[PDB]
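Residue-level listing of the chains:
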Amino acid sequence: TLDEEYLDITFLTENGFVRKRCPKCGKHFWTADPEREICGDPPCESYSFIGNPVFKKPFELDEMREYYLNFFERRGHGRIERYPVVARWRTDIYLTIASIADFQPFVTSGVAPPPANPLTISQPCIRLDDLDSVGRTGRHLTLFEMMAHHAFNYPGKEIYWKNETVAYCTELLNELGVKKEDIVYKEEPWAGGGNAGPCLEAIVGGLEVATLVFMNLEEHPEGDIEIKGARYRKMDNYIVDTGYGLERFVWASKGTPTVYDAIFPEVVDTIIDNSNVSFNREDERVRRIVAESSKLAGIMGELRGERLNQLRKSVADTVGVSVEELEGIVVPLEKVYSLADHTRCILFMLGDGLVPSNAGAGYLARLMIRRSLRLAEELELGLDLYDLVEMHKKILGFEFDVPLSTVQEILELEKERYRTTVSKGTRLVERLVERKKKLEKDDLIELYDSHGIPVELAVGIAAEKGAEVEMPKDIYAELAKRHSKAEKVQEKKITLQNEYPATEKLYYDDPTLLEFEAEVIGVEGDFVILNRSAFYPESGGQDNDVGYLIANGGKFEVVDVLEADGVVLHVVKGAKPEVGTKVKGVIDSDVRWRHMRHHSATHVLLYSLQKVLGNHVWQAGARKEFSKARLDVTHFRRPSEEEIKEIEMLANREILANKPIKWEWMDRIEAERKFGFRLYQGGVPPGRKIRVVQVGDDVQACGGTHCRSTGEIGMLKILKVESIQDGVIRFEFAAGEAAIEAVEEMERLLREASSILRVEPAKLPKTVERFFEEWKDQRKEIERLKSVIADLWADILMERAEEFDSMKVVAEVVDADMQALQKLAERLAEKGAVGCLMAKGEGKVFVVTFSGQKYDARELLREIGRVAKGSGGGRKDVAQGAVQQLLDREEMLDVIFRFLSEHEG
Amino acid sequence: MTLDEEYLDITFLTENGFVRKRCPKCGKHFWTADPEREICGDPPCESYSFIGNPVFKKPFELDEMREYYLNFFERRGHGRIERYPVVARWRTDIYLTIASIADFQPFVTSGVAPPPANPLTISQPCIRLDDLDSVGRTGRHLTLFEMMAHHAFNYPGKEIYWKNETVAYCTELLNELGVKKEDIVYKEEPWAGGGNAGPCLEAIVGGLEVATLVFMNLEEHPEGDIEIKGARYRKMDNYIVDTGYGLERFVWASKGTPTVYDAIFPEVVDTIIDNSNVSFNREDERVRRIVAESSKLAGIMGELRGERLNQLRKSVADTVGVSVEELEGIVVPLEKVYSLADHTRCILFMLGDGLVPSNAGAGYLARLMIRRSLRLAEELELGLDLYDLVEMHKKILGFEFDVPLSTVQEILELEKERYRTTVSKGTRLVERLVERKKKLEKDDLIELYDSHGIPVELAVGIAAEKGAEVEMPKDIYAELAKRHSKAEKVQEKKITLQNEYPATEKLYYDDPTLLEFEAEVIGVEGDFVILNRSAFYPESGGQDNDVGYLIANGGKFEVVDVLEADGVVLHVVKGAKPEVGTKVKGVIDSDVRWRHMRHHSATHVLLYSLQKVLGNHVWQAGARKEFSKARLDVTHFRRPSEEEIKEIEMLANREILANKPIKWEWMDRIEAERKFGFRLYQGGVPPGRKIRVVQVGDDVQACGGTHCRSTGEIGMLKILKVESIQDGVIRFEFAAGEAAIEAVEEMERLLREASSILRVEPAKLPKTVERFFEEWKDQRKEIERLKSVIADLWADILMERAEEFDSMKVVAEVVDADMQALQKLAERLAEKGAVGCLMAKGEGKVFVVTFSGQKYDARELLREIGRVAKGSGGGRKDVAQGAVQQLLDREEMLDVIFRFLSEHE
RNA sequence: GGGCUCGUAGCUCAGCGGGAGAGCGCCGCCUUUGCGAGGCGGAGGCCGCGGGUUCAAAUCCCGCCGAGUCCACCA
Ligand SMILES: C[C@H](N)C(=O)NS(=O)(=O)OC[C@H]1O[C@@H](n2cnc3c(N)ncnc32)[C@H](O)[C@@H]1O
Ligand SMILES: C[C@H](N)C(=O)NS(=O)(=O)OC[C@H]1O[C@@H](n2cnc3c(N)ncnc32)[C@H](O)[C@@H]1O
Ligand SMILES: [Mg+2]
Ligand SMILES: [Mg+2]
Ligand SMILES: [Mg+2]
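Residues numbered from 1 in each chain as written, not as in the entry; some residues may be left out. Chains lettered and ligands numbered in written order. Heavy atoms only, no water.

In its metadata, the entry names X-ray crystallography as the structure determination method and reports 3.30 Å as the resolution.

Right, dumping it as structure tokens:
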């Protein structure tokens, strides 16, 4: 089945390679060396290159990049400069995980042409899955550059297939110098990004250096072929993908112990020299143990547990090192690398415009910051993360859209935030100890999953305090991952009951027209469809163009209009003319104008937002209703009043400039070349051609209706600024007359309030404060006076209290509300009275009982309830409740005596 | 002079067939066609005889006579022009159009501007308030009247026709109409008014001056060679024909009725009679006889008052054979129905042409006519409103007005509310003044109306009532009108101190955007620099001026303020003073000119809005830019509702969004007025044959100053304040553009701060204020209630703690409390039928009170107690108050209580 | 995108259906030479907003607002 693909490869059989199989029932693979065998012990060999350059000469990062790019430039394929590490153009995935991910999936589905063919690129990529592996395996990074050649093939016409792909790999390595006998081609199944295919993964010197995937299939519901839990289907067209790890590539050029040393030596050095590490990097014994341990690092990743300690023993003896000695170096190093790597990863994340958050894309950046800070704390680093990030910056020497200054601010803020959280969380744990005297796992998940507190802090406080502990691993995911239920399975929009072809809208090129000439094709329920619509349908925000539709008979009312694919729907809550009529649709001007203005204003505010705040801001979302509009952007903190005032100002300045607005349909490639990725702030559009709107400076892919110039949108008013989530901020605004009325309404609310207190609008806050102060004062004084009433009331009531064995009993029907009854009772109880008071209320009577002695006020109230038909409760000294039947004093006294008799001896 | 020129020159005066003669008593020269009969046509020599024997071939109607006159002179070669408004918008000397000549002075009459056409013919409505007293009495005088007139302008050169030809045209019409050549008499006299004047000939037919033909060749001047009514008048280069025809007097002399009112608007006169308190019947024949005879001689008696009038009224009363005391019964109220109806007419034209009643300006004249009319209504006890009569007029005439009827109705209803309200408080003043003064004087009367708004007749009524003599001269309404009817000069500090320079140059008219210029500086006097060319802006307003600096090779010169004089620029400078004849590049601040641009254009769009929303009575009183703000004054009869405020703002902002072009250009005065109407002069009146027309949208105005190109350039408008300073004129404070945004941000800040201090969302602030308020009120009443309850309760416990003697509860205690406590409890003790004493060790002397709800005297106890503790006091039979030096034990108080009770009763 | 956690005195919190409470901070007094505090007091609160439940809501339920936190779709 699958093999039929692999054996077809030309290079393997004719040029000089063979296919073989392993002892463990794992897989097939290819070699040119007919001589030697893997032991049969799972991963028998991990590395050879360590201590031995397998390249002809040590390369540096830039050198490797250029050697690769030009080797490939000379040979017939176009160079394309890298994409950002953030998948702005995609929705399905946050960050760039592979080189192929750049062009996915419109280009890979044939929908759009690649910018060149074949092409090549050193594309940075981020994987966060291998987080456990990183710093321990010696070959993994969170952030790396993956370089590629991609050839895009259509049925009958293909630049190249498998043969040139494998060829290029073999010739590239050979030009470097590694003999064909030393390169091993492992076959494997490759899936990811909605596309997939079989892949030859090149390992040399024991290290996977490369992977070339042959994309034959795509993710699809039918899913005849199944893999990685996902469903896939054979394509009509095929694409080649080629991943080459540079960081690993330079590593095999230097033969250093770990890739980290090969890529950023100086950073690792800075960390180790300014830390709490016991040892020195220089001396022999730590050099020997690192050399040999590095050799087995590629093994230790795959094998863990009992074997891990066993292999640790094997290498410990190999170097002649105690059980405690080696991991005394291995463990701190495993953290040093992780920290060094993460800092490099932080760099690209922030620099490419990703803003830390508590959810969504930004949370990833936050996470990396968090971990970096934990590691920094554990190493007692004498520097701040910013220093390390700056080092990586100089070292790689790249240039970013986001300034390093903003990066520092973000690091400082995120750090300070974390410090706040660990503080508050810590204090909580202390309270938890005092309350429960022991820590349990079910609470432990809450500590991390809902307070962001690592178990090492919980256990590291409980043990610090002697509190009981249970630390169960492998369960952190157990609850969050395994309980989750989706509601709807089928497609997003409501599917048609019948198809209509040739639907189109000519409001794109021309927006001055509300009017148009057309014919009608279809009618369903309370909503109808036509052939050419000036009618723009409603978005998530109201985005709706009202109007009417004249018939050849009468004027019929469009109350609302939506959209289906290749269809425009017009909801009419009145009579339906049916298929017969030939019709001119006439759209209301005021709405078209207002929506135009709010669209253009949306763009203007975005433009103003980036210029005032920084390049790191990107539209997270946007929606609009009647007399209101909103725009979500990425910013690490709610702006100060100054900052938003200036934003308002600059926005209005942009209005008064009255700059021209131009929008032109175009193919995706040319647009992407022209403007950068700021084009996709409004989402990613389907189709071969896109509608490009240019508001003079800010350019974006928008299907929305727009003004001719900016002078038309009128003034712009920011209505409300709120921080949705950390790192995302919503701006509520209005423009045109929808703003002036929004202002006028605002004026009203002021005047009205002023008029109520008969005072000048300017002095409203000062008078309202004065009142509020007086209001609190008066509210208090009443509480004092009410206490006086009660105290006086008590003494009045005891004077007439019948005595009962040196106790004074009181039972009356008073004139007071429940709170007064209660305060009175509390006073009587304090003075050792016994009895109950009642008061006429509302559809009920309020009962209060009381005792200042051994007698329980609750039991007395239940007895009162039996005679008066009602229920309540309270404490030993007072009890509150309600009854339906008011009682005479005599009847109440009967009961009290009956109660008092029960309880002496 | 002007004998020889016009007694013989004209073909009519000697050739055609006519003769002059003078009468010794008359002291006048008249021009007659029948030598057989001599007559004077001005009292006391002649009374009219035409009435009852209509001298025209046919009676006419107002509409028929008007168009007939027009088409005559049209066919005779004149150009027709529509009526001018009854308010002098086009000039500054006065408020109201005195004559047809008034329409064209001083700008056409001084040859500064061309006439609309030549020759021309109009039916121009005029108000003349000097003859106000004569209205109703003479039966020929009217306050408001169409003057039919034909004009032609002749400079020292060409001419349309001359006096021979004009008197030719008038005899042409007259003879055509049925009046004989022979009877018509031409009375020689001067004619003055409105800064112009000349020798005139008054055409009289059947004892009534019907036409007036004035030839003017002079102009008012300080030389004033010729003395004309104390006014100095001197010959003008150009010469000009000015005619006058009373349309009324024509239709009057055509129908042959008794009093002009009875033939131009009989319907009004009859209806007032029908709904007044007049006792007699107009239909009745005997009264038709006496009016007919009274009307024959009404002309003379109108100009006679006192006892001389009584003799005239006797001389007529006899010739009919009716008694004087009876005759008063028709003449004194029927002249009053005449006055009200004519006034009502005058009200229609005054208000219908954009007047709004006020205590100053032409609104004063409108108010006057209304107030007097109201007074007449009460003198007739009319069952109607004035508006009924006004509407009747509007129908009768068929004229269409700028100001609609609904508005004039509202004005009138309000004015009557004012009137009754201002006589109610004005009435006491006459009660004190009449006996205080013992007699009534002219200045007293004038002071009464002009200050206290008390019409003459009320004052006279009480003066007669409380035995005080009254001297009411003839034409006193001439006094009140004349004294206030001059448009104030509003003269300001002017300084054109000698500099020997005539013609300067300003470059900012054509383009405001430019901000830099270069020129040669001539003239330095004192501080102020002056120049040949500049781009700065002067104003004596005290604002809207430009500011800046100048750099030459010498140094920098800072101009803080810039002024003007006799058309010459002024540049104040503190710092370095420049050298004459220096090349200097002038630079102004952009923003200062920018604000001013924004304000100026915003003002004009405001006036536009106010006119569109409220009415066509909306004009201006002034405009100033107090720094950091702005203000506009507008004629309106009441404070605008907040709803109206909202729609002013909304409409004007709506226009701002529209961004309509704002064009400036020069235009001929006659052409501009022909194209736009007299709204053009709302900002004032510009001189010259050409004027700087400004268009800010629909609104057209003649302000020479900076402006913005488009409405959008001034952005949102905000309305700061609204106030009434004097009746009729309402003031708006407004900001636009940047200051607008500052104001709104301030508005929002207040609202946000109030909402903040009450922990509430701003949109719910008003409702949450009234709750807090109502709570602050309720809890406030609540407090005193509780304090009263404390007192109520406290007396009740003391009755219990008391002792019994004579079955009367005696209570004597010491308590720690102030005075008002001791009183507010003693009253309740006596109210509960108790007797006793209470004491308090207050700060300083001890406080003591006594009380008795029985027949015992509270005061007496205090006498006794106070004799033992060393102090006295006082009280009543129920309670007694006292202050004393020593506190007492309870048991010692019981002694004085017991002793007392024992001694009395 | 999906869960969970928390809003109470200035701060840090406990109270989780029938009294608004503790530590620290603040104010006063007392004792103390152990200048640090100790003893006895006092001030300080719409228990975040809207509702529903009940005789009764700081307390229970639902919604909002705000502040937190983890996980989530990567040969
Ligand atoms: C291109 C294909 N879609 C693909 O992604 N194949 S791959 O996942 O195996 O990656 C190819 C090369 O990228 C590099 N690479 C992958 N994951 C890495 C990591 N976590 N750290 C450093 N390099 C990595 C390796 O050199 C690897 O051979
Ligand atoms: C034409 C010249 N400028 C002029 O105004 N002469 S005048 O003062 O006598 O008025 C001209 C005509 O207006 C009419 N008229 C003047 N005063 C009037 C009044 N108080 N009421 C009614 N008509 C009047 C007379 O018909 C008169 O002939
Ligand atoms: Mg708190
Ligand atoms: Mg409670
Ligand atoms: Mg202390």
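Still to come is the rest of the account.
**Thoughts on the sheet that holds strand β28 (residues 808-814) of chain A**
Residues and elements named next belong to chain A. Read from one edge of the open sheet, six strands run β27-β28-β29-β30-β32-β31, paired in mixed fashion. The outermost strands of the open sheet, each flanked by one partner alone, are β27 (802-803) and β31 (870-874). Pairing of β28 with strand β29 (residues 834-840) involves six bridges; the strand directions are parallel. Within β29, the residue paired with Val809 across the bridge is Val834. Against the sheet, helix α22 (residues 818-830) engages β28, β29, β30 (845-851) and β32 (878-883), with an angle of about 15 degrees to β30. Sheet strands touched by helix α24 (residues 889-902): β27, β28 and β29. Its angle to β28, the strand with the most contacts, is close to 150 degrees. (Pairing = 2+ DSSP bridges. Helix = DSSP H or I, 4+ residues; strand = E, 2+ residues; numbered from the N terminus. Contact = heavy atoms within 4.5 Å. Axes fitted to C-alpha atoms, helices over the stretch in contact; angles between N-to-C directions.)

**As for the UniProt feature "binding site: Zn(2+)" in chain A**
Residues and elements named next belong to chain A. Taken from the UniProt record, the annotation "binding site: Zn(2+)" applies to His599, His603, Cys702 and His706. Annotated residues spanning 108 residues; largest pairwise C-alpha distance 10.1 Å, indicating a single compact cluster. Taking the relative accessible area as the measure of exposure, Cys702 reaches 14% and is therefore buried. Setting aside chain neighbours within four positions, we find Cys702 in contact with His603, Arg691 and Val693. Position of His706 among the secondary structure elements: in the loop between β24 (698-701) and β25 (716-725). Taking the relative accessible area as the measure of exposure, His706 reaches 5% and is therefore buried. Apart from residues lying up to four places away in sequence, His706 is in contact with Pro511, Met596, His599, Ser600, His603, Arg691 and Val693. In this structure the side chain of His706 is engaged in a polar contact, spanning 3.5 Å, whose partner is the side chain of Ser600. (UniProt positions renumbered as here; feature names shortened; annotations may be inferred. Buried < 20%, exposed > 50% of the residue type's maximum accessible area, 1.4 Å probe, protein only. Polar contact = N/O pair within 3.5 Å; in protein donor to acceptor, adjacent residues only side chain to side chain.)

**With respect to the interface of chain B and chain A**
Listed by partner, the interface residues are 48 residues for chain B and 51 residues for chain A. In total, about 4600 Å² of surface goes out of reach between chain B and chain A, with carbon and sulfur atoms giving 72% of it. At the boundary of chain B and chain A, one finds three salt bridges. In this assembly, chain B and chain A are joined by nine residue pairs in polar contact. Looking at the side of chain B that touches chain A, the elements with two or more residues in it are α19 (642-658), β29 (717-726), α21 (738-757) and α22 (765-801) of chain B. Class assignment for the residues of the side of chain B that touches chain A results in 26 nonpolar, four polar and 18 charged. (Buried area = accessible area lost by both parts, 1.4 Å probe. Salt bridge = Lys/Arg side-chain N within 4 Å of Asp/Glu carboxyl O. Nonpolar A, V, L, I, M, F, W, Y, C, P; charged D, E, K, R; others polar.)

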